[PDB]
Amino acid sequence: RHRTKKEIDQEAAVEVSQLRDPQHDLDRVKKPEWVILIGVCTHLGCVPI
Amino acid sequence: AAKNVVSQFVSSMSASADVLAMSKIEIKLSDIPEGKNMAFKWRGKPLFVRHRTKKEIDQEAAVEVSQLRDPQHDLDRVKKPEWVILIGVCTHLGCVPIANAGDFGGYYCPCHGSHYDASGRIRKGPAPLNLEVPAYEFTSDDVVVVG
Amino acid sequence: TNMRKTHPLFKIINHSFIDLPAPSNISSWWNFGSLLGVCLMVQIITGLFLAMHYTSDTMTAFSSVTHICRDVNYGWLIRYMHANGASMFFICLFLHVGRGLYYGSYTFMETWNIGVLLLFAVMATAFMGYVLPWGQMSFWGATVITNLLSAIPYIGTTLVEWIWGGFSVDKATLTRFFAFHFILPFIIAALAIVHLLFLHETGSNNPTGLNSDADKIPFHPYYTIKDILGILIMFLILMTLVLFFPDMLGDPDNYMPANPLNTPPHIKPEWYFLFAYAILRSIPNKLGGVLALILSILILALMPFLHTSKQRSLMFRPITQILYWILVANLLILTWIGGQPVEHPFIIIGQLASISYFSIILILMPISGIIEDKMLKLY
Amino acid sequence: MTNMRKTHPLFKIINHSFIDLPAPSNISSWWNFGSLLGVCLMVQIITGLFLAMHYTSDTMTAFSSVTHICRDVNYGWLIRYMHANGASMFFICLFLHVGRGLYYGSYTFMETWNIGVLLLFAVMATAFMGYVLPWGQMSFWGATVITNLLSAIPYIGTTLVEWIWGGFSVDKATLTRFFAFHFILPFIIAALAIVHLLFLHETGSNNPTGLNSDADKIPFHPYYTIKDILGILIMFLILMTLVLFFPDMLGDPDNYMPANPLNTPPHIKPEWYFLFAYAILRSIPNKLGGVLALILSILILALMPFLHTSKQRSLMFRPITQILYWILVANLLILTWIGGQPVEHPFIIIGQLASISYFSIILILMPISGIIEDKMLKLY
Amino acid sequence: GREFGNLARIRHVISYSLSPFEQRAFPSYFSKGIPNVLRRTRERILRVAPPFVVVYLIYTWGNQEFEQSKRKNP
Amino acid sequence: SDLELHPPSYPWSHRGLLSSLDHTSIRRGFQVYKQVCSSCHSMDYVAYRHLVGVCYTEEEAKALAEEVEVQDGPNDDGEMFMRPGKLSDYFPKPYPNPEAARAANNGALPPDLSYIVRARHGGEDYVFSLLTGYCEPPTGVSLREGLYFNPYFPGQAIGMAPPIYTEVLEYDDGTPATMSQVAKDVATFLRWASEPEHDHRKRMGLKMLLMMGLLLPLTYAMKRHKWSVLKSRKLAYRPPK
Amino acid sequence: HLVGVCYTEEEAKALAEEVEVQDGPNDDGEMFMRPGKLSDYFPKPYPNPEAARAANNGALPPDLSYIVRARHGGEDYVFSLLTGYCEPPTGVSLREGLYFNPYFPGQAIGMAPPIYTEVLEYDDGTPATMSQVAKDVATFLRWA
Ligand SMILES: CCCCCCCCCCCCCCCCCC(=O)OC[C@H](COP(=O)(O)OCCN)OC(=O)CCCCCCCCCCCCCCCCC
Ligand SMILES: CCCCCCCCCCCCCCCCCC(=O)OC[C@H](COP(=O)(O)OCCN)OC(=O)CCCCCCCCCCCCCCCCC
Ligand code: HEC
Ligand code: HEC
Ligand code: HEM
Ligand code: HEM
Ligand code: HEM
Ligand code: HEM
Ligand code: FES
């Protein structure tokens, strides 16, 4: 996904401690302008939108 | 106990139920008019069922055993002469024959140029032998069992 | 003149099963050893009749197993006795190793080491056989335990790419696991021949631990009919476990087809691995967990050098008997904890269980042996 | 202090069988073929183990899995053609092994000879089902021809052939059980070879002179170890030149077509190491007689120890029986050639003559020649 | 080697045996079997049982603490 | 919700060790599956010939398979063609591929029901509690539209609309088609579908139990005989002093 | 398989890009069509052998993936068959749809003569004679 800069600022404003899974969101992406990820729902493999 | 376990292990290697359902596949009706060849998918092979009249059977009764390419006369292979059962497999390449064609009005192979006889013999052509006839048992004349 | 002592093929059978001197006082536990051999033959025989219909392909493995159960004559019988015979094989194996630990049978060091090689081989064989039906639990258990086997730096990732034959578990892994699962019981059978050969140079042990050469009996007809009776009792237990509770020990999640995008809420191996699994996740470090699993299974190999008493059996050692039964209790607790999810209070119970397991085997039993030696006025 | 070679038990076993085994000093290059058969058996185990890691016994995905081995698996062509040409080299080694046994009178080691006969039967069965396994045109049609030939024994032929097939023709059940049997059978071959070596080490080995070689015997190490290494490396030379330079001369090209139950090939012949027996089963125009003649050809090879009438063991000193032996060898060669030929003039009469000459030489002519030679040496 | 004939050296020992065909296979089965079963279990029960007793205690306490932990806090 | 309600134990006719399935209930449950559950669920591993000798006769299952179109092919001209079914054909799939099933069922995939009582903890108890446990959602939780509250589904959010009510179908043998009766019949049919060998297994187990109860004291008696030569043995000692 | 043998990776990728391959099913649950990748096999002209027999006048054109290893003579047979299309001799009647090739067994093949002088334009300035085309395609079939 080619993301948006408002989404970039909102997700960079996300606190690390309030997240369920501890992982840094700035280090989640290499380039901050794009998102590349597995599109698999972790239940059974439903396709998300 | 030993006889039971050994018999069960031997009987496991016999033909399974899906094979039994795929071996006596065709239980024919009488939906075939007088003279029409029709096709079935039996045991992975085209199986031909054709009705015949005694005029053509007496016409084909003048084929001698001595002058046949593979010797098989036209009187003993069928118990009911009015119903004829063939396998539609060429011995040359594995094609399908189409009936009532040629000078004899027999089967014709469109792959190949060869004109089979209407009883299933290779009349003219380089196929080394005839069309094989399976085993078949007779119930009442609406129904014939193949196997 | 007679063929029993002069014919070169019947001489081996006479030396190993007919005129072999055996202790006159060995209990039913020794029958377990012969039972293990019988289970091996049973598994091999039933395995061969699974191999006449199994198709090692990811499209047609689950379907082939269902065709074995539903369309092959008595195929459900053969499949479920193969599964419950693997379970009975591990039950008899565990009691065999427990007999070896209790009655001081590890002093036969060559026999003990060929034993632990056999144990490694049968654990790997049962692992790859459980991967073989290609259900949900087979795929996900294989992926989890092989990915944690990949934890070694600079070496483990190339080894896991070589084991998988690709990026993850796929058709190449399934086919090579089928080949390995078929061929490993024959190395197991040859190693059992070497096991028996290394045993027969010195004879069996007895429950008292003493020199039984003062009173020994031939193997025939006594232990012949005793092992026949043990075989009959084992076949009662196995056929009750097949014909009445065919999936009590099994896992229902293996009955769905392998969906690679369907991660189950719980992922477990079979029960006979579970204790090592609970030693695996008792340490929050992947190298530490895998190496601790290796020590938890190789402490049996370290066991003959941890013997300190001037006696051999535990028949006259009550404190070390208490420590042994605490060890068996701890092993049972480890199996239950490995069955359980990784939550409170299972994490601390599993940590204390693994710590007490290693402390009891490594430290506490030589201390108890030297205490009983001092207590018996000999040290 | 002790010797770990002679006191440690498995070291004692390998010291008895391989290091300090008293072997005859004068055994020729024909004695290398037992070790050649053993190492070629091991090559077959290893190459088949690596072949079964990608093979899938399924009639929709067997030929395609073979092509996937050939074209996508790294060096899969090398392992596959190593397996096929190793089967051919294995039967070459078997034929020369049995020829050594026939010439030098080694069949008087009777239980060793009979365990060998059982080994030969198992190996021929194993290679037959292995050739069935790639599911080409020739594999399916050779399996069909062999099993319909087996269906001629009375009152149990049809039941046994439909039990072997798992159905009413050769289909996927036959392919899966043939893969299982081909995988399992060489381990029974290996166990029977262990029994073969057991009986031979109890009875001692034989020399080309046929005399009692215990007057002059040498240890196996290092002499026959280095001779066996030389023979093994020569066999690897022959096997690897036939893999890398002529990979498709001992097979047939129409095994590279997929199996078609409708189309039948005009020349339905088995692999070359069956062809002589094939000629015997076409030497009689009766199917039961042909099956019986094949199995009792191998059974008179088993019965050969009972026909020894001479008072000398080896054929070193017996020239008439030497001439008869080489007539038998050339008769086996033309039996192979006739089995590789269609049923046409003049191959029926030549095949019949070859069969009756083979059975007359094995049964009748060789003991009479032994009697003649004993008379000519003033024995009786 | 380890065959009958040279296993050990026993002197001055006399053994008496009967045929199996003239003695009972179950001679006083219950009346002498029940007291030896009670004697054997009395000799071994204090070594064997209390580890499995505390196994049952830990099993029940772990199940109860797990079902309490899944329960929320009103 | 992380905590999950467990299904209770229902007193099934086949609950006991030697009690077989009720084949009339298997017949009625197959009628329930054909009329209702076959619209969205598949049973790819069960064929029409499997019903012969269990709950239907030969001509009955022949007619019930002949009233089904099966895509046979390929034709001699090289195409697929519809044909009447036969006894060797399996139960027809509702959808040609799982993604069309997802598209027709709001993303959720209806599972194949050949092993669905062998693949769930509870089995036919779970299936009965799922089909009869539909209720309105409690307060606090407000689920998404097109989902349904079921306390027995793990996660309590099922994508399956409740297919069972009173008189959802008819019964040819004259049975009141209530909610619980239809659910019980279809659970019995699903247990038969997962284990077609169930009754034969229990019969063989009964023969096994009787044969083992005969064989164990006799083999024990042989052991006691051949060991009673040794267990009555007495030893004496003659020290020379 | 063409990279490192005949073409570079960009050339073979461009060759596979002109291919139009069946794939799917998509999120909507049906077949769709895509340009081909490097991991796409060579396209079958017909979906099944019955349509192949129907289009090609009865006879089935075989798969030429092992055709040099499934014929005696190897690529000598392929070269002799492609260049050996001649008229039938005196007396023999050739049926329409069949052509006289003496190297085909039975001497009555169902294959029309597929090559002649300048049937395709080579990209390396090669004369496109029928013998050159036959020798090139025989070498390619030997490689294949
Ligand atoms: C001085 C003792 C006197 C006992 C007198 C009893 C009554 C006598 C009169 C009646 C006769 C009864 C039967 C006699 C049986 C044999 C003789 C006897 O009583 O022995 C006592 C027995 C063994 O004696 P001994 O070894 O000296 O005891 C050391 C204690 N540890 O020792 C015992 O029974 C004690 C066993 C205690 C075991 C405690 C185990 C606690 C830890 C278990 C942990 C398990 C794992 C937990 C999970 C870990 C991870 C979280
Ligand atoms: C007459 C004297 C011997 C022959 C002439 C040679 C004379 C040499 C004189 C000088 C001495 C030189 C050195 C001698 C070295 C040792 C002796 C030697 O080589 O002898 C010749 C040799 C064996 O001769 P010998 O076995 O003694 O004769 C048989 C007696 N009944 O070999 C022979 O005799 C030749 C044997 C030829 C056999 C031909 C067989 C033809 C038919 C084969 C059919 C095979 C296929 C069958 C197919 C059936 C179906 C179609
Ligand atoms: C179309 C409306 C369906 C009808 C008719 C039946 N089922 Fe169904 N089922 C359907 C869907 C879309 C799902 C998935 C639900 C989800 O949220 O993922 C299901 C699921 C099931 C299950 C599995 C439940 C589980 O926990 O795994 C079962 C056991 C089940 N359904 C049973 C069942 C029966 C017996 C039916 C006939 C009366 C039936 N369903 C009809 C869709 C539809
Ligand atoms: C459509 C007109 C085709 C063209 C273009 C090519 N081939 Fe063909 N071929 C075609 C048919 C219908 C057949 C079957 C003939 C029969 O008698 O059944 C064939 C056959 C072949 C064969 C097999 C010959 C054999 O002995 O088995 C070969 C080797 C062959 N054709 C080669 C070939 C080559 C190299 C082509 C490209 C120049 C080619 N064919 C084109 C139909 C058609
Ligand atoms: C593959 C499974 C195994 C088989 C088939 C097997 C087979 C046997 C057999 C046949 C015996 C002789 C009969 C007996 O005394 O019980 C035996 C004894 C023995 N085995 Fe094993 N065994 C196996 C696993 C093991 C393992 C894992 C160990 C090591 C922990 C082991 C160690 C021993 C010892 C020490 C003895 C000697 C018994 C004594 O004298 O006390 N075995 N085994
Ligand atoms: C050479 C002998 C063996 C062969 C050919 C063999 C073959 C097979 C095959 C084909 C399967 C898959 C079929 C199925 O899952 O029902 C299987 C499964 C299995 N095998 Fe084996 N096996 C052999 C020996 C063993 C042994 C010795 C063990 C025990 C260690 C074992 C344990 C298992 C297990 C646990 C399964 C999985 C059962 C399940 O589906 O749940 N096998 N085996
Ligand atoms: C499965 C293939 C076979 C293997 C692996 C095998 C293995 C061996 C080995 C290792 C030897 C000892 C070395 C030697 O003398 O060459 C030998 C000798 C022998 N074999 Fe075999 N053999 C096989 C087939 C046969 C057959 C089919 C026969 C029977 C015709 C046979 C009969 C003999 C005899 C008689 C000897 C002793 C010859 C002598 O001592 O000079 N072998 N075999
Ligand atoms: C246990 C060890 C063995 C295994 C696992 C094994 C496995 C296989 C496999 C998977 C194939 C199919 C691959 C292919 O056909 O291209 C095969 C083919 C074959 N095997 Fe074996 N094999 C073994 C031992 C043997 C032995 C001892 C022989 C006889 C010398 C033999 C003779 C053959 C033959 C003739 C083929 C057909 C080769 C071909 O036409 O491509 N195999 N084997
Ligand atoms: S291919 Fe049909 S008769 Fe020639």
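From the backbone N, Cα and C atoms, a Cβ is placed for every residue, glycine too.
Annotation source Swiss-Prot lists transmembrane segment at D:28-53, D:82-107, D:112-130, D:180-200, D:224-246, D:289-307, D:319-339, D:349-370. Among the features that Swiss-Prot reports, heme b b562 binding site is placed at D:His83, D:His182, with the record citing experimental evidence. Taken from Swiss-Prot, the feature heme b b566 binding site covers D:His97, D:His196, and the record attributes it to experimental evidence. Swiss-Prot lists D:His201 with the feature ubiquinone binding site.
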Given D:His83, D:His182, D:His196, D:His201 as the binding-site residues, which ones have a Cβ positioned under 6 Å from some atom of ligand 2?
none
Whole-number answer please: how many Å between the C-alpha atoms of D:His97 (heme b b566 binding site) and D:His182 (heme b b562 binding site)?
23
So what's near the transmembrane segment (D:224-246) in sequence-distant terms, Cβ-Cβ under 8 Å and 6+ beyond its ends?
18, 23, 27, 29, 31-33, 35-36, 39-40, 43, 78, 81-82, 85-86, 88-89, 93
Would you call the transmembrane segment (D:112-130) and the transmembrane segment (D:319-339) in contact, using three or more Cβ pairs under 8 Å, pairs 6 or more apart in sequence?
no
Report the listed stretch (D:82-107, D:180-200, D:289-307, D:349-370) having the maximum count of Cβ pairs within less than 8 Å of the transmembrane segment (D:319-339).
D:349-370
Can you tell me which parts of the same chain pack against the transmembrane segment (D:349-370), counting only residues 6+ beyond its ends and a CB-CB cutoff under 8 A?
279-280, 282-283, 293, 297, 300-301, 304, 307-310, 318, 320-321, 324-325, 327-328, 331-332, 334-335, 338-339
Compute the C-alpha separation of the residue listed as 'ubiquinone binding site' from D:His182 (heme b b562 binding site), stating it in Å without decimals.
29
Can you give me the Cα-Cα distance between D:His182 (heme b b562 binding site) and D:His196 (heme b b566 binding site) in Å, rounded to a whole number?
21
Quick one: of D:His83, D:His182, D:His201, which of the binding-site residues has the smallest count of other CB atoms within 10 A?
D:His201
Quick note, D:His83 (heme b b562 binding site) and D:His196 (heme b b566 binding site): C-alpha atoms separated, nearest Å, by 24
Counting across all protein chains present, how many other Cβ atoms fall within 10 Å of the Cβ of D:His196 (heme b b566 binding site)?
22
Measure the Cβ-based neighbour count of D:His97 (heme b b566 binding site), defined as the other Cβ atoms within 10 Å of its Cβ.
21
Taking DSSP three-state, what's D:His182 (heme b b562 binding site) in: helix, strand or coil?
helix
